[PDB]
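Undergrad: Just dropping this structure here.
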Amino acid sequence: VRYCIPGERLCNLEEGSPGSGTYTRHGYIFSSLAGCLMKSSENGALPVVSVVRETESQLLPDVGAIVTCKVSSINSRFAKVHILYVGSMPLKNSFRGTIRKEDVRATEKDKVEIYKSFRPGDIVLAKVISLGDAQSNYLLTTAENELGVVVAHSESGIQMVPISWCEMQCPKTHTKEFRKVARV
Amino acid sequence: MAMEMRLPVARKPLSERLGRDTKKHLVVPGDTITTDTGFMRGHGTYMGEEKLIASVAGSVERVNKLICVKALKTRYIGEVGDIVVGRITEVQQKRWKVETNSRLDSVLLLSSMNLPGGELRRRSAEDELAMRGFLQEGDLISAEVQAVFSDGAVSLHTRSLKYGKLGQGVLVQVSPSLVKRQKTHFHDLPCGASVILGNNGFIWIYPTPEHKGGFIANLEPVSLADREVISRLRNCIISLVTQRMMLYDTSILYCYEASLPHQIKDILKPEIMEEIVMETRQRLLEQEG
Amino acid sequence: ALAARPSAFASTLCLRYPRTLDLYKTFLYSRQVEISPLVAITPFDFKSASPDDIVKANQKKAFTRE
Amino acid sequence: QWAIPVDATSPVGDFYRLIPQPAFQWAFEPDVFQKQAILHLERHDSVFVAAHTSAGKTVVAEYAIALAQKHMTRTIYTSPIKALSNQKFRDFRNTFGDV
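Structure below.
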């Protein structure tokens, strides 16, 4: 196996096609990273050559991506969050987000009271939809059956458990509270 | 190539080159305008104690009960059904922000826009994601004012076929008081180019669209015979706008023909403008008179 | 264009810092220091209604509006 | 020509063989002219109707009204009298949706 530097001759446009993290010019394929030389043969020949470091310390979000978050504060019409994980991998820093009162459920419906959906301190799984404005920057959504709060936390510091699609209950004091439970 | 470096010349005051006396009524701030029994204040004046006091330099213009003062230098003020030209400076969640040389910014609502497709298919929140993609930062449009807000703001719409994103050409910005009110601000001058006389002071010059909204890019080279016409109109517009001239179709046509004898590159001198503006002045005098 | 061998300052700047009986005795941890849950169903297996899916399939199938 | 008067019996040979998917069902039975208009209305056609009963002509009207929410568009109903203007609103309020 061989590694890369962010420029070198790799292949012709006839001997393969550019993949992820690469660029081409003057009929040649040029590297743009310092990762590893991967040639996805796939099926149909002409492998899509690409270079991947495979050790992602940081990664910029996209138009569509799954992210693990952490609520900071909640408002009657939005809920500021902090992006913590990009899908699976840990993130070295923390970005910001905002869930408007249209992205909670998968119907973009009326009602949907924000107060009992995303209580602060929880950890949720959500998907971005846009690159946002300067007020709200990433505009995340949870309009799916698989998205919502996944690992909640009790009033007094006890791991919480899902109890229904909308209700969760404390194991110690048997107290009933409202969340937006995502499928496991 | 000689790199002429001339020296400043003293200005001749009083406009003695022609000689005229004004019959109007001129005022300065603090002057007491007519103070008869009952009158209504206009724009440019205010009221003190039983007095109509002018608040800006200009000339009084009255239509049968109304004392007002018309200043000679202002910024654009919006009116319903007015052709304007502007540039996008902010792209928001549900609107754009357009700069049109006004006291505030102008809002182009997403509800009023000929979206790509140009027909009845649908309008929903799926378009909102890509709305901020085509009308990006720093583009040029040409729309019409819709209504007046409660704080002097203007909302402008693009609900026609002649309005929308513009293409190639040059832009010339002047004061919004040298454009003559008319009923056709779109022109197709028989020279090789066109023009849009924005009521806000934005003049847009583009070539004729060959035969026959921003859907077409047409980012292909423009013929040599078209640039020389655009440059000629650009310089002639600068020449008429500089001294006094109010801009409209006949003045530009008259000056363009008068500019043929000598080259387009050499018309930047203080005197060549005078010898062209005066010739257009006398052509207007021998035609209107 | 010959590359060279390091010297003290560089070879000390590039240091990687990555049971075996007992030492430093006083600093061990032992020397220095009912729950009846009645838990509910542990997860909620979503085997049931999931309203968004309800309202969508409901209206699409229904398709009557009367 | 721009004007085609469809014969009262000639066009219709079948109604449910076409339009495989359902529509705004009626408790009672639909007449020949209502199905004649429904067949054309599906193709986004222009329809003129000249009949005698009042509510009989409203079947195609509420067919179009129910068809708009499947297209997410909007429709306008014009009633040049105040009493009838709100009766249709009351009829369609409890019936479905928002008016």
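Residue numbers (the entry's author numbering), protein chains in the order written: chain J, 5 to 188; chain I, 1 to 212, 217 to 293; chain E, 555 to 572, 579 to 593, 600 to 632; chain A, 282 to 380.
We put the beta carbon where it would ideally sit given N, CA and C, even for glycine.
(1) Could you name the residues of chain E that residue 306(A) contacts, counting a contact when the two beta carbons are closer than 7 Å?
(2) Can you list, in chain order, the residues of its chain with a C-beta nearer than 6 Å to that of residue 65(I)? Leave out the 5 residues immediately preceding and following it.
(3) Between the region 118-144 of chain J and chain E, which residues of the former have CB atoms less than 9 Å from a CB of the latter, in chain order?
(4) With the cut-off set at 7 Å, would you say residue 245(I) and residue 174(I) are in Cβ contact?
(5) Any idea if residue 166(J) is buried or exposed, counting beta-carbon neighbours within 10 angstroms, 16 or more meaning buried?
(6) From 301(A), 307(A) and 314(A), pick the residue whose C-alpha is nearest to that of residue 292(A); which is it?
(7) Let's test the definition: count the other Cβ atoms within 10 Å of the Cβ of residue 83(I) and tell me whether it reaches 16, buried, or not, exposed.
(8) At 8 Å on the CB atoms, spell out the chain J contacts of residue 92(I), in chain order.
(9) In terms of alpha-carbon separation, which member of 174(J), 183(J), 169(J) and 177(J) lies closest to residue 620(E)?
(10) For residue 142(I), does the count of other Cβ atoms within 10 angstroms reach 16, so buried, or fall short, so exposed?
(11) Note the first and the last residue of the continuous beta strand (DSSP E) segment covering residue 567(E).
(12) To the nearest whole angstrom, what separates the beta carbons of residue 172(J) and residue 185(J), a pair I think is in contact under 8 Å?
(13) Sort out for me which residues DSSP pairs residue 225(I) with in a bridge.
(14) Could you check what DSSP says for residue 284(I) in three-state terms: helix, strand or coil?
(15) Report the option in 45(I), 178(I) and 70(I) whose CA atom is closest to the CA atom of residue 53(I).
(16) Are at least three pairs of beta-carbons, each pair with one atom in the region 184-201 of chain I and one in the region 96-111 of chain I, less than 8 Å apart?
(17) For residue 135(J), which of 129(J), 68(J), 40(J) and 17(J) has the nearest alpha-carbon?
(18) Please work out which residues of its chain come closer than 8 Å, Cβ to Cβ, to residue 73(I), disregarding the five sequence neighbours upstream and downstream, and give them in chain order.
(19) For residue 147(J), tell me which candidate among 174(J), 51(J) and 112(J) has the shortest Cα-Cα distance.
(20) Can you tell me which of the three DSSP states residue 337(A) falls into?
(21) Among 158(J), 110(J) and 92(J), which residue has its Cα nearest to the Cα of residue 152(J)?
(22) Please compile the residues from chain E whose C-beta is within a distance smaller than 7 Å of the C-beta of residue 167(J).
(23) Just how far apart, CA to CA, sit residue 27(I) and residue 75(I)?
(24) What is the C-beta distance between residue 56(J) and residue 14(J), in whole angstroms, given that I count them as a contact (C-beta under 8 Å)?
(25) Could you pull out every residue in the same chain whose Cβ sits closer than 6 Å to the Cβ of residue 110(I), ignoring the five residues on either side in sequence?
(26) Should the region 165-173 of chain I be regarded as contacting the region 218-233 of chain I, the criterion being three or more beta carbon pairs within less than 8 Å?
(27) Find out if the Cβ-Cβ distance for the pair residue 175(J), residue 609(E) is shorter than 7 Å.
(28) Do residue 69(I) and residue 58(I) have their C-beta atoms within less than 7 Å of each other?
(29) Which complete alpha helix (DSSP H) runs does the region 96-131 of chain I hold, if anything under 4 residues is left out?
(30) Please report the residue range of the alpha helix (DSSP H) in which residue 369(A) lies.
(31) For a contact meaning CB atoms closer than 8 Å, what does residue 359(A) contact in chain E?
(32) Taking Cβ-Cβ distances shorter than 9 Å, what residues in chain E pair up with residue 342(A)?
(33) Beta carbon of residue 234(I), beta carbon of residue 262(I): below 7 Å?
(34) What do you reckon, are the CB atoms on residue 132(J) and residue 142(J) nearer than 7 Å?
(35) If distances are taken between C-alpha atoms only, which option among 308(A), 350(A) and 290(A) comes closest to residue 123(I)?
(36) What are the boundary residues of the beta strand (DSSP E) that residue 261(I) is part of?
TA: This is what the structure gives:
(1) 630 and 632
(2) 40
(3) none
(4) yes
(5) buried
(6) 314(A)
(7) buried
(8) 137
(9) 169(J)
(10) buried
(11) Segment 562-567 is the alpha helix (DSSP H) holding residue 567(E); no beta strand (DSSP E) there.
(12) 7 Å
(13) According to DSSP, which records beta bridges pairwise, residue 225(I) is partnered with nothing at all.
(14) helix
(15) 45(I)
(16) yes
(17) 68(J)
(18) 175 and 177
(19) 112(J)
(20) helix
(21) 110(J)
(22) 606 and 610
(23) 20 Å
(24) Their Cβ separation, rounded to whole angstroms, is 14 Å, which puts residue 56(J) and residue 14(J) out of contact at 8 Å.
(25) 94 and 131
(26) yes
(27) no
(28) yes
(29) none
(30) 363-376
(31) Simply none; closest approach about 22 Å.
(32) Neighbours of residue 342(A) on chain E: none; closest Cβ ~14 Å, over 9 Å.
(33) no
(34) yes
(35) 350(A)
(36) Run containing residue 261(I): none in the beta strand (DSSP E); it sits in the alpha helix (DSSP H), 253-262.
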